[PDB]
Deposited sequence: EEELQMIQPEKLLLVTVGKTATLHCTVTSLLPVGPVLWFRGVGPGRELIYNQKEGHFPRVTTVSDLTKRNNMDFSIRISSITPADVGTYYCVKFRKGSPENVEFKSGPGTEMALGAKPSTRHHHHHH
């Protein structure tokens, strides 16, 4: 199982919706995929399919589909507060199993 995050970095501007791409290369082992900003114990939960309310986040694909492998998310209304590295992380049934390499979100000036 690999957690693929094709984009190392996104440069976004304030107000935009940013899409963070993540794919899994295997449907087993069984477990949820979570999104976090940062690593280590202080990291922030960004999305959990399993449960919770994430009003700024939507999923590109239907995570409840049996053979879904797309864990990409859209985060709306980006502010300077959102800069960081976002990790797509697979858990086993929970304990962390594998993490993606992270996608850095950086903030840029409007054209």
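Visitor: Can you list the gaps, numbered from 1 on the deposited sequence, where no C-alpha is modelled?
Guide: Unmodelled stretches, in sequence order: 1 to 3, 97 to 100, 119 to 127.
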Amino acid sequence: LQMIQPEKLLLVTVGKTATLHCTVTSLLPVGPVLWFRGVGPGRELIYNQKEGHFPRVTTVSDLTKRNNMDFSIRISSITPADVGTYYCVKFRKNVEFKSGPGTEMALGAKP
From here on, numbers count along this sequence of modelled residues.
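Visitor: Mean CA temperature factor from the deposited coordinates, higher in 48 to 56 or in 71 to 79?
Guide: Mean CA B-factor is higher for 48 to 56.
Visitor: Identify the stretch, either 57 to 65 or 25 to 33, whose C-alpha atoms have the larger mean B-factor according to the entry.
Guide: The recorded data point to 25 to 33.
Visitor: In terms of CA temperature factor as recorded, identify the highest of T13, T19, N94, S99.
Guide: Going by the entry's C-alpha B-factors, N94 comes out highest.
Visitor: Name the third of the chain's ranked CA B-factors that contains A109, choosing lowest, middle or highest.
Guide: Within its chain, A109 is a highest-third residue by C-alpha B-factor, going by the deposited values.
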